[PDB]
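Here the structure comes first, spelled out in structure tokens, and everything after it is commentary.
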């Protein structure tokens, strides 16, 4: 008789899911830019769990970091409402489910997926031509034309397509002066150098030098009650830092940050990540959902499974003897929402 999970349970589960997801991507695609929204992915899977049953359902909840018998829908609704409050970042998310029109959808799923997660389901004919354009145009519309041509290919024994895209360009609480921006070398690796517009700013920032993990941590507050936590590893050993990237480590960092005079150098960069959720969540124990035989009877009585699941996230960033924070080599970052502590984005900039 497990009642609705607490907000604190959701915070723990999503954050564990966030870091385990990064850890997988960092080993899947090394030496590559990483950028994704863990909370967005958690929400999409939680939404699908509305129509999931049996082992299909169990794998999702446990994969998300919850008990098998947990009730997560009340908590997620409240979380999403809080994240999408007017004083927040006002993230525009393309959150849609596309299923074969020949399949009758349960109105309970349609109601709950929209009411609890603001997800929109659609019945479409899945011929590769018209279907791809229809979905891509919708995603483009939902993201104010920022994310175009999301789907590149599409089989046509395709019965169910999950789409989840988000573009983010926030405003700093303390902006960079363009007169202090200067072109500098960004050292991608030992043999590769990229010229970047290096923004600079001298002032008070919450900052911490991690002796143990050999990295610098700095907090950059956004307008909208969120902040970017930038993690700059010392020379070499970015891999060792990634191995230590845990909810525990994050918590230690947040307690260790002190407001200090810092000389900050941050490059202007635009990065993105595009992920096949089938292959990524495969290593997270969520397998049945993406294969035929899945139990999605809560969505439709006809047999159904997720044919394709795509997540894409795009990010644009544009006394006495103070510490220097110069990000002219690959670095990690998180975007954390202040009120809930929710991890909105995780990323790594290798190629700016």
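In the deposited numbering, the protein residues as written are -5 to 312, 328 to 361.
Heads up, the beta-carbon is just placed ideally off N, CA and C, and yes, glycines get one too.
Contact check, residue i vs residue j, beta carbons under 8 Å
i	j	result
residue 39	residue 294	no
residue 192	residue 261	yes
residue 34	residue 87	yes
residue 115	residue 133	no
residue 302	residue 268	no
residue 352	residue 12	yes
residue 202	residue 247	yes
residue 289	residue 50	yes
residue 350	residue 5	yes
residue 274	residue 18	yes
residue 104	residue 164	no
residue 155	residue 129	yes
residue 211	residue 204	yes
residue -1	residue 48	no
residue 299	residue 285	yes
residue 346	residue 97	no
residue 255	residue 207	no
residue 166	residue 232	no
Cβ neighbours of residue i in the same chain (closer than 8 Å, five flanking residues each side left out)
i	result
residue 53	279, 280, 281, 282 and 283
residue 121	150
residue 29	265, 266, 267, 307, 308, 309, 354, 355, 356 and 357
residue 187	179, 180 and 181
residue 174	193, 194 and 195
residue 252	200, 201 and 202
residue 138	86 and 161
residue 1	69, 72, 73 and 349
residue 291	45 and 47
residue 198	253, 254, 255 and 256
For residue i: DSSP bridge partner residues
i	result
residue 41	DSSP, once it has assigned bridges, lists no residue as partnering residue 41.
residue 261	192
residue 269	305
residue 86	DSSP lists no partner for residue 86.
residue 341	225 and 357
residue 254	199
residue 94	118
residue 352	345
residue 335	259
residue -2	65
residue 310	264
residue 28	357
Residues of its chain near residue i, where Cβ-Cβ distance is below 7 Å and the 5 sequence neighbours each way are ignored
i	result
residue -4	61, 63, 64 and 65
residue 140	161 and 308
residue 240	13
residue 316	Between 312 and 328, the chain has no modelled residues, and residue 316 is one of the positions in that gap.
residue 359	25, 26, 27, 182 and 339
residue 37	70, 74 and 111
residue 209	225, 226, 227, 228 and 235
Own chain, CB closer than 6 Å to residue i, minus 5 neighbours either side, in chain order
i	result
residue 365	Look at the range of the chain in this structure, -5 to 361, and you will see that residue 365 is not part of it.
residue 312	262
residue 41	107, 111 and 113
residue 59	7, 10 and 11
residue 236	20
residue 257	196, 331 and 333
residue 189	177
residue 95	117, 118 and 119
residue 136	88
residue 362	Residue 362 is absent from the model: the chain starts at -5 and stops at 361.
residue 67	110
residue 143	130
residue 16	355
residue 259	192, 194 and 335
residue 170	193 and 195
Cβ-heavy atom distance, residue i to the ligand ZN, below 7 Å
i	result
residue 286	Ligands displayed in this structure: none; no statement on the ligand ZN is therefore possible.
Stretch pair the region 112 to 125 + the region 144 to 163: three plus CB contacts closer than 8 Å: Yes, since at least three Cβ pairs between the region 112 to 125 and the region 144 to 163 fall closer than 8 Å, the two stretches touch.
Contact the region 174 to 184 vs the region 335 to 354: 3+ CB pairs below 8 Å: yes
Cβ contact (3+ pairs, closer than 8 Å) linking the region 154 to 162 and the region 213 to 230: no
Runs of beta strand (DSSP E) lying entirely within the region 151 to 237, each at least 3 residues, in chain order: Counting only runs of 3 or more, we get 154 to 162, 176 to 181, 187 to 204, 209 to 216 and 220 to 227.
Start-end ranges of the alpha helix (DSSP H) lying completely within the region 51 to 84, minimum 4 residues: Listed in chain order, the alpha helix (DSSP H) runs fully inside the region 51 to 84 are 67 to 77, counting runs of at least 4 residues.
Start-end ranges of the beta strand (DSSP E) lying completely within the region 113 to 147, minimum 3 residues: 114 to 118
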